[PDB]
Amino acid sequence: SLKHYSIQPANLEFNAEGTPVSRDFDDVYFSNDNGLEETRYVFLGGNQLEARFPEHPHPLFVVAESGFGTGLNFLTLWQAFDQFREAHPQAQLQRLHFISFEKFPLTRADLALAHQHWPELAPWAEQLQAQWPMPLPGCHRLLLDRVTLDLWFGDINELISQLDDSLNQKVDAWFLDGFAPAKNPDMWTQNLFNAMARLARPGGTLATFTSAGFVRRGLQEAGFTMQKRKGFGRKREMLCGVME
């Protein structure tokens, strides 16, 4: 514990299909079958990222995410962004900054294993692996490529205050992700919703996989204009919203 201070590395088991399962929260980290496509639909689709990028009136796009996990959302976004830059080299938007929080960071071995699930993503994955920081408290910035990733280790509820009033109205999209509310209820607070709301740029967006009613009412109370949207595949319902 001089080793880690208060941080606990993730405890994973790989299940019969080879999927990473969190032993901290008792759930798979992603869909073995549909993980990439689902991430694209929920977080890219829900925040309309692909449509927005060529019309974005600033040189920087800022994404903030509540639970990093395996980094699937991030890698998916980085691919999408890279694809956007190839198709639109002369757009106003030139740079991406991603800010994420994680209470139980994966070890580098578990991380490499998780990523083997997505060979399409390997070029970006291998870059994240190469700079994967030690599980210590606070902000670890990775300079990739144009693309910056800030990884905050610790508790998002205690951490979010560190994003002081200087970051207000600077987040273009929120990935409200991590384990389900029934699996990790501690993450899903009014404190968090409120902070998300103050960090959001006007017209900035949020998406989440859950439609738990308290989560919708909590975001609405924080100040987002929320709507339901069909879930991925056979799933009925997800939530997304816009500031103002």
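In this text, residue numbers run from 1 along the sequence as written.
Pick one of none, 1 to 3, 4 to 9 or 10 or more for the number of deposited-sequence residues not modelled between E158 and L159.
Nothing is missing between them.
Give the stretch, out of 75-83 and 162-170, with the larger mean C-alpha temperature factor in the deposited entry.
Of 162-170 and 75-83, the stretch with the higher C-alpha B-factor average is 162-170.
Ranking the modelled residues of this chain by C-alpha B-factor as given in the entry, is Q92 in the lowest, middle or highest third?
As the PDB entry reports it, the C-alpha B-factor of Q92 lands in the highest third of its chain.
Which third of the chain holds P133 when residues are ordered by C-alpha B factor: lowest, middle or highest?
Its C-alpha B-factor, which the entry lists for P133, ranks in the middle third among residues of this chain.
Looking at the temperature factor on the CA atom of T225, which third of the chain's modelled residues does it land in?
Highest third - that is where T225 ends up once the chain's C-alpha B-factors are sorted.
What third of its chain, lowest, middle or highest, does the C-alpha temperature factor of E38 fall into?
As the PDB entry reports it, the C-alpha B-factor of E38 lands in the lowest third of its chain.
Based on the entry's values, in what third of the chain does the Cα temperature factor of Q48 lie: lowest, middle or highest?
Its C-alpha B-factor belongs to the middle third of this chain's values.
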